[PDB]
Amino acid sequence: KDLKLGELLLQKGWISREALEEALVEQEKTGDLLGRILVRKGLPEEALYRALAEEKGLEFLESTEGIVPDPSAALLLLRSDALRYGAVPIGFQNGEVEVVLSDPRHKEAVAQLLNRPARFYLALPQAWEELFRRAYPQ
Ligand SMILES: Nc1nc2c(ncn2[C@@H]2O[C@@H]3COP(=O)(O)O[C@H]4[C@@H](O)[C@H](n5cnc6c(=O)[nH]c(N)nc65)O[C@@H]4COP(=O)(O)O[C@H]3[C@H]2O)c(=O)[nH]1
């Protein structure tokens, strides 16, 4: 009985009940992702990602600018896999690989593929792409 995205945003005070109902009513007609509807209707994208991070047990990263990606960690995923799964392995801490995700929905698929202890972070789209390109030059 974990909270869903809308319930989490409501509890955090970042959307109103009327805004949530409005987004759910549209989703019932369109099938769009709820967070995408809420951001279109005015929720800050960062508010969405903070809530998605909490929902999935990920640490939200406010910036990727200070990360120096460990080349040893990046070898654990082929570049094509890092891009498709939206996952950048950036280093190691106490025998866990640190991995920055672009989409919380991919956490399980990435964790299965890595098949080793890992610590997962979530970064905003622009921040993630900057990090990916530094870790995986083409
Ligand atoms: N990268 C990304 N991920 C997103 C986004 N929006 C939602 N998600 C994530 O994708 C899953 C599916 O969202 P959905 O298709 O809108 O399907 C959702 C939505 O239809 C719906 N629902 C979500 N929140 C609420 C709520 O507060 N009240 C009610 N009655 N239904 C909700 O339950 C379904 C499952 O919700 P969740 O457990 O929270 O699981 C969510 C959530 O983990 C987005 O914009 N970007």
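Residue numbers 164 to 301, in PDB author numbering, belong to the letters of the sequence shown in order.
All residues carry an ideal CB built from backbone N, CA and C; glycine is no exception.
Beta strand (DSSP E) containing residue i: first to last residue?
| i | result |
| --- | --- |
| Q275 | Unbroken run through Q275 is the alpha helix (DSSP H), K270 to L277; no beta strand (DSSP E). |
| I253 | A250 to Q256 |
| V263 | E259 to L264 |
Quick one, which of the options has its alpha-carbon nearest residue i's?
| i | options | result |
| --- | --- | --- |
| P234 | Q190, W291, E261 and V188 | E261 |
| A237 | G229, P252, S243 and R203 | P252 |
| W291 | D266, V202 and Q190 | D266 |
| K204 | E181, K175, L276 and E191 | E181 |
| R296 | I230, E209 and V273 | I230 |
Report, in whole angstroms, the separation of the C-beta atoms of residue i and residue j, which I expect to be a contact under 8 Å.
| i | j | result |
| --- | --- | --- |
| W177 | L206 | 7 Å |
| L201 | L211 | 7 Å |
| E217 | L171 | 6 Å |
Which stretch, first to last residue, makes up the alpha helix (DSSP H) that contains residue i?
| i | result |
| --- | --- |
| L187 | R180 to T193 |
| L211 | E208 to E218 |
| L168 | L168 to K175 |
Are residue i and residue j closer than 7 Å when you measure CB to CB?
| i | j | result |
| --- | --- | --- |
| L264 | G249 | yes |
| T193 | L294 | no |
| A245 | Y284 | no |
| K219 | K270 | yes |
Excluding the 5 residues flanking residue i on each side, which residues of the same chain have their C-beta closer than 8 Å to its C-beta?
| i | result |
| --- | --- |
| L187 | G169 and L197 |
| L183 | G169, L172, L173 and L201 |
Leaving out the 5 sequence neighbours to the left and right, which residues in its chain are closer than 7 Å to residue i when beta-carbon positions are compared?
| i | result |
| --- | --- |
| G258 | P280 |
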